[PDB]
Amino acid sequence: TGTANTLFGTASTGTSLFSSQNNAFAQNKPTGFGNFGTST
Amino acid sequence: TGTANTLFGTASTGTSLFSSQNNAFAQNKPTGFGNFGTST
Amino acid sequence: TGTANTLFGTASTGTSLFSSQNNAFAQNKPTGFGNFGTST
Amino acid sequence: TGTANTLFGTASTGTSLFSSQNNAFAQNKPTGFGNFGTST
Amino acid sequence: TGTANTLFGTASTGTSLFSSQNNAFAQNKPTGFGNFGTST
Amino acid sequence: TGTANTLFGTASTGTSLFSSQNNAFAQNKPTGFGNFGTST
Amino acid sequence: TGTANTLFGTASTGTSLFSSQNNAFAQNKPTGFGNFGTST
Amino acid sequence: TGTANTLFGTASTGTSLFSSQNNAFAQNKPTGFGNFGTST
Amino acid sequence: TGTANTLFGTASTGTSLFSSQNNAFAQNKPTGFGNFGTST
Amino acid sequence: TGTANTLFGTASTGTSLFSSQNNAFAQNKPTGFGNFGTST
Amino acid sequence: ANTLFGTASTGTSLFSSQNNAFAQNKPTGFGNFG
Amino acid sequence: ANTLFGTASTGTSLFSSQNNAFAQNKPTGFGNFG
Amino acid sequence: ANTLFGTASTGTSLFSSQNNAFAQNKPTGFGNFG
Amino acid sequence: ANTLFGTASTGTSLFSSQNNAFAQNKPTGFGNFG
Amino acid sequence: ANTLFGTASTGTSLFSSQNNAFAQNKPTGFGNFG
Amino acid sequence: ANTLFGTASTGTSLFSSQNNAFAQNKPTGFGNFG
Amino acid sequence: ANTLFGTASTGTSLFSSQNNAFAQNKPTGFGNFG
Amino acid sequence: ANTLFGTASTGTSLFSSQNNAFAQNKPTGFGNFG
Amino acid sequence: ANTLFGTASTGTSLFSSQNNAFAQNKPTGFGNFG
Amino acid sequence: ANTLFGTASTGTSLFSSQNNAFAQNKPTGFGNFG
Amino acid sequence: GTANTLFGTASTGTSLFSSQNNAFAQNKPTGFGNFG
Amino acid sequence: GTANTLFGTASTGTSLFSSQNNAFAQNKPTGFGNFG
Amino acid sequence: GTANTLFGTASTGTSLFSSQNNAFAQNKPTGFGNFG
Amino acid sequence: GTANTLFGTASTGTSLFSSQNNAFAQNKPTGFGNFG
Amino acid sequence: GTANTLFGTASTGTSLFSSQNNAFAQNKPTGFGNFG
Amino acid sequence: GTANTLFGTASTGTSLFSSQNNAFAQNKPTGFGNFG
Amino acid sequence: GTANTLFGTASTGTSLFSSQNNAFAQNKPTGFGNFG
Amino acid sequence: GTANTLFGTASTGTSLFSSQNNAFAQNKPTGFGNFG
Amino acid sequence: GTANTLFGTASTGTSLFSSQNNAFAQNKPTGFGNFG
Amino acid sequence: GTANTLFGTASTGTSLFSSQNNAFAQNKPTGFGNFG
C-alpha cells in the first residue's frame, strides 16, 4: 500500500500471486506451472 | 494500492496472478503453463 | 489500484492473469500454454 | 483501477488474461497456445 | 478501469484475453494458436 | 473502461480476444491460428 | 505499507504470495509449481 | 511498515508469503512448489 | 516498522513469511516447498 | 522497530517468520519445507 | 426529471470480458471559448 | 433531478474479467478558455 | 440533485478479475486557461 | 447535492483479484494556467 | 454536500487479492502555473 | 461538506492479500509553479 | 469539513496478508517552485 | 476540520501478516525550491 | 484541527506478525533548497 | 491542533511478533540546503 | 547508410539543432528565440 | 552503417546539438536561445 | 557497424553534444544557451 | 562492432559530450551553457 | 566487439566525457559549462 | 570482446572520463566545468 | 574477454578515469573540474 | 578471461584510476580536480 | 582466469590505482587531486 | 586461477595500489594526492 518510487528501475506496489521465474544461462525444459483442471 | 513512479523503467501497481517467466541464453522447450481443462 | 507513472517506460495498473514470458537468445519449441478444453 | 501515465512508453490499466510472449534472437517453432476444443 | 495516458506510445485500458506474441530476429514456424473446434 | 489518451501513438480501450502477433526479421511459415471447425 | 524508494533498482511495496525463483547457470527441468486442481 | 530506501539495489516493504528461491551454478530438477489441490 | 536505508544493497522492512532459499554450487532436486492441499 | 542503515549490504527491519536457508557447495535434495494441509 | 434504470447481468461467464459503464451526467466539450 | 439505478452482477465467472465503472458527474473539457 | 445507486456483485469467481470504480464528481480538464 | 451508494461484494473468490476504488471528488487538471 | 457510501466485502477468499482504495478529495494537477 | 463511509470486510481469507487504503485529502501536484 | 469513516476487519485469516493504510492529509508535490 | 475514524481488527490470524499504518498529516515534497 | 482515531486489535494470533505504525505529523522532503 | 488516539491490543499471541511504533513529529529531510 | 523499419519512422538524413519539449503540461515552451 | 527496427525508429544520419526536455510539467522549457 | 532492434530504436550515426532533461517537474529546463 | 537488442535501443555510433539530468524535480537543469 | 541484449540497451560505440546527474530532487544540475 | 545480457545493458565500447552524481537530493551537481 | 550477465550490465570495454558520487544528499558534487 | 554473472554486473575490461565516494551525506565530493 | 558469480559482480580485468571513500558522512572526500 | 562466488563478488584480475577509507564519519578522506 505504500508508495514506491525508483529512478532507474522497477517500482512495484501490486500483489503478485503465483509467480515462477526460472532463469539460467542454459536450461532444459523449464516449465512455469503444471496443468490446471478446474471444475464448478 | 500505493502510487508507483519510476523515471526510466517500470512502475507497476496491478496484481499479477500466475506469471511464469523462464528466461535464459539457451533454452530447450520452455513452457509457460500446461493444459487447461475447465468444466461447468 | 494506485497510480502508476513512469517517464520512459511502462506504467501498469491492471491485473495480469496467466502471463507466460519465456525469452532467451536461442530457444527450441517455446510454448506459452497448452491445450484448452472447456465444457459447459 | 488506478491511473497510469507514462511519457514515452506504455501506460496500461487493463486486465490481461492469458498472455504468452516467447521472444528470442533465434527461435524454432514458438507456439503461443495449443488447441481449443470448446463445447456447450 | 483507470485512465491511461502516455505522450509517445501506447495507452491501453482494455482487457486482452488470449494474446500470443512470439517475436525474434529469426523464427521457424511461429504459430500463435492451434485448432479451434467448437460445438453447440 | 477507463479513458485512454496518448498524443503520438495508440490509445486503446477495447477488449482484444485471441490476438496472435508473431513478428521477426526473418520468418518461415508464421501462422496466426489453425483450423476452425464449428458445428451447431 | 511503508514507502520504498531506490534510485537504481527495485522499490517494492506489494505483497508477493507464492513466488518461486530457481535460477542457475545450468539447469535441467526447473519447474516453478506443480498441478492445480481446483473444485467448487 | 517502515520506509525503505536504497540507492543502488532493492528497497522492499511488502510482505512476501511463500517464496522459494533455489539457486546454484548447476541444478537438476529444481522445483519451487508442489501440487495445489484446493476445494470449496 | 523502522526505516531501512542502505546505499548499495537491500533495504527491507516487510514481513517475509515462509521463505525457503536453498542455494549451492551444485544441487540435485532442490525443492522449495511440498504439496498444498487446502479445503474450506 | 528501530532504524537499520548499512552502506554496502542489507538493512532489514521486517519480521521474518519461517525462513529456511540450506546452502552448501554440494547438496542432494535440499528441501525448504514439507507439505501444507490446511483446513477450515 | 429523467431516469435511467440499467442492469447488465451475466451468468456463467468463462474466459470472458464484461465492461459495465454506468455514467450519469458525462458531458464532453472540446472547445469552450468564453 | 436525474437518477441512475445501476447494477451489474455476474455469477460463476471463471477466467474472466469484469470492469464496473460507476461514474457520477464526470465532465471532460478539452480546451477551457476564459 | 442527482443520485447513483450502484452495485456490482460476483459470486464464485475463479481465476478472475473484478475492477469496481465508484467515482463521484470526477472532472477532467485538459487545458484550463484563465 | 449528489449521492453515490456503491457496493461490490464477492463471495467465494478463488485465485482472483478484486480492485475496489471508491473515489469521491477526484478532479484531474492537466494544464492549469492562471 | 456530496456523500459516498462504499462497501466491498468478500467472503471465503482463497489465494486471492483484494485492493480497496477509499479516497476522498484526491485531486491531481499536472501543471499548476500561477 | 463531503463524507465517505467506507468498509471492506473479508471473512475466512486463506493464502490471500487484502490491501485497504483509506486516504482523506490526498492531492498530487506534479508541477507547482508560483 | 470532510469526514472519513473507515474500517477493514478480517476474520480467520490463514497464511494471509492484510495491509491497512489510514492516511489523513497526505499531499504529494513533485516540483514545488517558488 | 477533517476527521478520520479508522479501525482494522482481525480475529484468529494464523501464519499471517497485518500491517496497520495510521498516518496523520504525512506530506511528501520531492523538490522544494525557494 | 484534524483528528485521527486509530485502533488495530487482533485476537488469538498464532505464528503471525502485526506491525502497527501510529505516526502523527511525518513529513518527508527530498530536496529542500533555500 | 492535531490529535492521534492510537491503540493496538493483541490477546493470546502465540509464536507471534507485534511491533508498535508510536511516533509523533517524525520528519525526514534528505537534502537540506541553506 | 540505410534505415529499415517496418512500422514507425525510418530516417536517413542527419538532424542538427533540433528542439523538442515533451510534457503533459507546459507554460510557454519555446524551441528557439530570435536570430539576429 | 545500417539500422533495422521492426517497430519503432531506425535512424542512420548523425545527430548533433539536440535538446529535449521531458517532464510531466514544465515552466518555460527552452531548447535554445538566440544565435548572434 | 550495424544496429538491430526488433522493437524500439536502432541508431547508427554518432551523437555529439546532446542535452536531455528528464523529470516529473522542471522549472526552466534549458538544453543550450546562446551561440556567439 | 554490431549491436542487437530485441526490445529497447541498439546504438552503434559513438557518443561524446552528452549531458542528461534525471530527477523527479529539477530547478533550472542545464545541459550546456554558451559556446564562444 | 559485439553487444547483445534481449531487453534493454546494447551499445557498441565508445562513450567519452559523459555527464549524468541522477536524483529525486536537483537544484541547478549542470552537465557542462562553457567551451571557450 | 563481446557482451551479452538478457535484460539490462550490454556495452562493448570503452568508456573514459565519465561523471555521474547519484543521490536523493543534490544542490548544484556538476559533471564537468569549462574546457579552455 | 567476454562478459555474460542474464540481468544487469555486461561490460567489455575498459574504463578509465571515472568518477561517481553516491549519497542520499550531496552539496555540489563534482566529478571533474577544468581541463586546460 | 571471462566473467559470468546471472544477476548483477559482469565486467571484463580493466579499470584504472577510478574514484567513487559513497556516503549518506557528502559536502563537495570530488573525484578528480584539474588536468594541466 | 575466469570469474563466476550468480548474484553480484564478476570482474576479470585488473584494477589499479582505485580510490573509494565509504562513510555515513563525509566532508570533501577526494579520490584524486591534480595530474601535472 | 578461477574465482567462484554464488552471492557477492568474484574477482580474478590482480589489484595494485588501492586505497579505501571506511568510517562512519570522515573529514577530508583522500585516496591519492598528485601525480607529477
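Descriptive notes on the structure:
- In chain X, the residues that are more than 14 Å from chain R (Cβ to nearest Cβ) and among the small types (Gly, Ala, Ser): X:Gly1, X:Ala3, X:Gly8, X:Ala10, X:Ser11, X:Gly13, X:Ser15, X:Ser18, X:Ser19, X:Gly31, X:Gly33, X:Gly36
- Residue within region G:27-34 that is touching a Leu at 6+ places or on another chain (Cβ under 8 Å) and among the hydrophobic types (A, V, I, L, M, F, W, C) present: no
- Here is the figure for region C:22-40: residues that are within 18 Å of the chain's Cα centre (by Cα) and small (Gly, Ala, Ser) total 3.
- Residue tally, condition more than 15 Å from K:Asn25 (Cβ to Cβ), among the β-branched types (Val, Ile, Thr) and more than 11 Å from the chain's Cα centre (by Cα), over chain M: 2
- Close pairs (6 angstrom Cβ cut-off, 6 or more residues apart or separate chains): facing another protein chain (nearest Cβ under 7 Å) and surrounded by fewer than 24 Cβ atoms within 10 Å (Cβ to Cβ) in region L:7-23, small (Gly, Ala, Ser) and in a strand (DSSP E or B) anywhere: L:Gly11/K:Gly11; L:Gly11/M:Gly11
- In region S:24-34, residue surrounded by the most Cβ atoms within 10 Å (Cβ to Cβ) [restricted to those that are in a strand (DSSP E or B) and within 14 Å of chain Y (Cβ to nearest Cβ)]: S:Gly31
- The single residue among G:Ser16, G:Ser39 that is crowded, with 24+ Cβ neighbours inside 10 Å and in contact with a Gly (Cβ under 9 Å, 6 or more places away or on another chain) turns out to be G:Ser16.
- Residues (crowded, with 23+ Cβ neighbours inside 10 Å and not β-branched (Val, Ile, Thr)) located in region B:26-36: B:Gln27, B:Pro30, B:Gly32, B:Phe33, B:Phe36
- Conditions (1) touching a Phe, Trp or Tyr at 6+ places or on another chain (Cβ under 6 Å); (2) within 20 Å of H:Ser20 (Cβ to Cβ): number failed by G:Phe8: (2)
- When the residues of region AC:1-27 are filtered to those that are buried (at least 24 other Cβ atoms within 10 Å of the Cβ) and of a type in the set (A, V, I, L, M, F, W, C), the one that is nearest to the chain's Cα centre (by Cα) is AC:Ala10.
None of the figures in this text is laboratory data; all of them are computed from the coordinates on show. Cβ atoms come from the backbone with ideal geometry, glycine included; neighbour counts cover every protein chain shown.
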